[PDB]
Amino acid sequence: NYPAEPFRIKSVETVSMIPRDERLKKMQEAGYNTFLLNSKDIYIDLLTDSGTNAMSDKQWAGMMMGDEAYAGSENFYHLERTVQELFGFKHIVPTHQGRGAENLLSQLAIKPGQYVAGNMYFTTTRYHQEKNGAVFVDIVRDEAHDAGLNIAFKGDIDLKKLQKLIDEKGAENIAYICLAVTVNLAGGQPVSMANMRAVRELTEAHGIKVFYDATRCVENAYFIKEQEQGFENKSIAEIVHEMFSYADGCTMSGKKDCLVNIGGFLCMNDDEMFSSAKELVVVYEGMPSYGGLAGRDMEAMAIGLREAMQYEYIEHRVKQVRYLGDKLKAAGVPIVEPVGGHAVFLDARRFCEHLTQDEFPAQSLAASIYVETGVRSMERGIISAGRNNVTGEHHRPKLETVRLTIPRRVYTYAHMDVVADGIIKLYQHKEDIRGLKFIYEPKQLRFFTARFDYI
């Protein structure tokens, strides 16, 4: 049901343990915007699972063995061998993290005016597509947009929407299909092997390329192992390798499922594209053999990807997130369902139904959570959606959420209990949560530095 950690603690990170009254002052000093809190003031930091993971003793040994050569580092060759074996692409180019790989892919693979279709999108990924002249098309199944619908493989592409696009626009006018595993925007929802194969088969008949956004591909493979018929005798490694067999390449943020603090990479099978990629990596990142990483980080990521293949590790990772979601759900706390691989999203609209979206319930709930528990969470609602700059109106998103994002191997079920118990107690007196109003709003990136006060 919930397994014990399949690891023990080698070293600890010291935290302050400041009490509620002091947390309230820190929160006020941050203008009630959790993005403005200092890391040294936070007990449990669930802002993101990106780059916040705990490394192993074996990775730290690798950290001492950084061959820092500008070209031809042994660590690059270790990374390259590892990704070829595990993902099964012919070619790999390291990048400092995922968005560096996305910049490269989109410049290489898009002609202005072409469509890129995907199972929803991530903000950086879609931006790089659009900056290169692509029009984005959502081809996710309709269910993915229903946040209360508890169904499996909610990240699946709708083959009919793909077909429709090909019929209406023409294959030559589609740059590529961008299939993300898992689907972050839908709450971390997995994609099935059947769907990946069906997309490979249809695109292949039309000469259309498919590139994966692989950042949480290991969480994805765990869902396939757990829930997809016929994958129960298959190892995580076998699943991961089969998944990528249905792609022409990928962009990877190692900062997620490769269990590192920095690192990413671009893969492809096509020799000519690989050649062009090497011509471009040097402009933005570094050499084809470091790509904006220290040798020690290529080493840490090579070791971390291989650790991520262990079944017990990934089972525990996903079930720890599930434990938090299960406990919240059992107390009647409204969440996005089903719980995804990396986070639990509170539905702040329903949590704070005495407040209007214009009063920023997700922002305000995230502040309350920090004050009551020392937990930092991310606003993923009206604030982070930003303001229409043509009209000056808020972009008003359907999802008004607080993201409890879980770094890998950092926290225990007891820290999950701190988070849950705190949220449950807040829920019991939810009507007491107050609305927020801007007191400082920057013109851009407002979620990063906006300051608020209570209404």
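We number the residues from 1 along the sequence you see.
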item	value
Higher-B stretch (mean Cα B-factor, as the entry records it), 382 to 390 or 425 to 433	382 to 390
Of 144 to 152 and 310 to 318, the one with larger mean CA B-factor	144 to 152
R396 by Cα B-factor - lowest, middle or highest third of the modelled chain	highest
Position of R446 among the chain's modelled residues by C-alpha B-factor, lowest, middle or highest third	lowest
Modelled-residue ranking by C-alpha temperature factor, third containing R126	middle
Where the record places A134 (Cα B-factor, split into thirds across the chain)	lowest
For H342, the third of its chain into which the C-alpha B factor falls	lowest
